[PDB]
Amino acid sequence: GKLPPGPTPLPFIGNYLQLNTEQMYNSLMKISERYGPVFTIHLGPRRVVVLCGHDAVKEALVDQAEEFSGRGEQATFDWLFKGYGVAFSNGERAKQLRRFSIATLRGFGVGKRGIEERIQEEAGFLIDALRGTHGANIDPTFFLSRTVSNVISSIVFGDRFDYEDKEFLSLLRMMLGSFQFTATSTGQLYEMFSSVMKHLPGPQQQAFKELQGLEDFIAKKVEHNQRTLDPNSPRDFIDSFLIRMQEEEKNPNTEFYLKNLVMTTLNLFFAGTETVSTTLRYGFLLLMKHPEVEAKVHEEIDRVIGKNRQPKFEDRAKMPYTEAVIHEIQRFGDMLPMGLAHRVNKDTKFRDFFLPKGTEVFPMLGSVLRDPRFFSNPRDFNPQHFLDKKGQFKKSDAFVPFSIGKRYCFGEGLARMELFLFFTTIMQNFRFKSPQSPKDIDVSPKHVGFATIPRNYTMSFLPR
């Protein structure tokens, strides 16, 4: 008969007086200390059930998986996507788009050799580019995102972008500004009060324009692809989707139409660019702050692999310390703190509470990555979190940065391959120094909201 407890809201504003839009994660955690790991919060007029720590999140998303498999709102992205595409759909749409995308991703070689060689080759152009700097002092931002983007772009668009291409650069700028915006106070305030704020001047309009620009681009590529489409041989993800469109025109409740094509392709391009990009970014800063951890990775690379051969994905099994470090980077980086919002499909019973149909659910993925029962020093950067006393790699059940449950990151295979081979080919060739001193490096997040954004920095790439 009852909603979980939480602080008393006010009309329209909800729990505004208890939330700090600069630090929403620290706000919900603070309310947690008082109310328990399972509480109700009103983000303006939206009613939201928050789940903190491993047990509550798992119990929701794994044990009652089917009830918690809907999608709640992320307002900024909703403005553009409007319930279309894979990421921000629900019900029958998501289930259909999700299964298409997974099967197609498998068909383009994901988690197999075709994509390994494409990443290996693409990692080559990155080294080359990084040498083309001659150890000068640079922003690594768009060096990483150009290399990262090209992997998913081979798959969605059919071929890589050229690095000098001015439109490519413009797209990666759109992506980074959009994403960043969601991590700002204004972006979080935008989560409570969007119905008024969408009609107002400020940083949000900029975000809309970048998203529109990204939509403008995919929508053009598609018109192109439609006219040289060869139905028995797809060049790309766009082709595959267009073929499925034909096969299904005689079904009027099909999910396969133009609008879901544009939006899903956008999902992949955006998610397959900015996540790995940002994680590599954060990860570089972390290693520079911790140069002792940097040397053991080097040591372990020089012995399983060498100077000679390109690193390959299966090289990880014999490289326990490097895998611990990659996990610890993802663990500390905390890409999305509050996950993507969930919602219950139906009236649901959960631990003595009742959630009416339609209730938004925040599973706080950041609080699982920081759960004290699973990690000895949660707020520190410490590879030993993923190693035994033997130095073998150890799994954690709270390593959930890709989430869990019905709506899990189906990009996981790809990201993990990319994360591994990109971290490893770069450090094979380079060691990192910064203009700044290891004890003076700020590894605290620049922005925390929907995403976790590392501070702006510069570094140099010096050969080995």
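If you superpose the two forms and keep the largest set of C-alpha atoms that fall within 1.5 Å, you have the rigid core. Don't overthink the numbering: it's just position in the shown sequence, from 1.
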For a rigid core alignment of each structure in 4 other deposited structures of this protein onto the shown form, which stretch has the higher root mean square Cα deviation: 109-117 or 183-191?
109-117
Please work out which of 28-36 and 391-399 has the higher mean CA B-factor as recorded in the PDB entry.
391-399
If you average the Cα B factors in the entry, which is higher, 294-302 or 194-202?
294-302
Between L268, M175, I138, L336, which carries the biggest CA temperature factor in the record?
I138
Given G91, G132, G366, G187, the residue at which the Cα B factor reaches its maximum
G132
Should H54 be placed in the lowest, middle or highest third of its chain by the C-alpha B factor in the entry?
lowest
Tell me, lowest, middle or highest third: where does the Cα B factor of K209 rank within its chain?
middle
Sorting the chain's modelled residues by C-alpha B-factor and splitting them into thirds places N345 in the middle
Ordered by C-alpha B-factor within the chain, which third holds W79? Give me lowest, middle or highest, please.
lowest
Entry-reported C-alpha B-factor of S101 relative to its chain, by third, is lowest
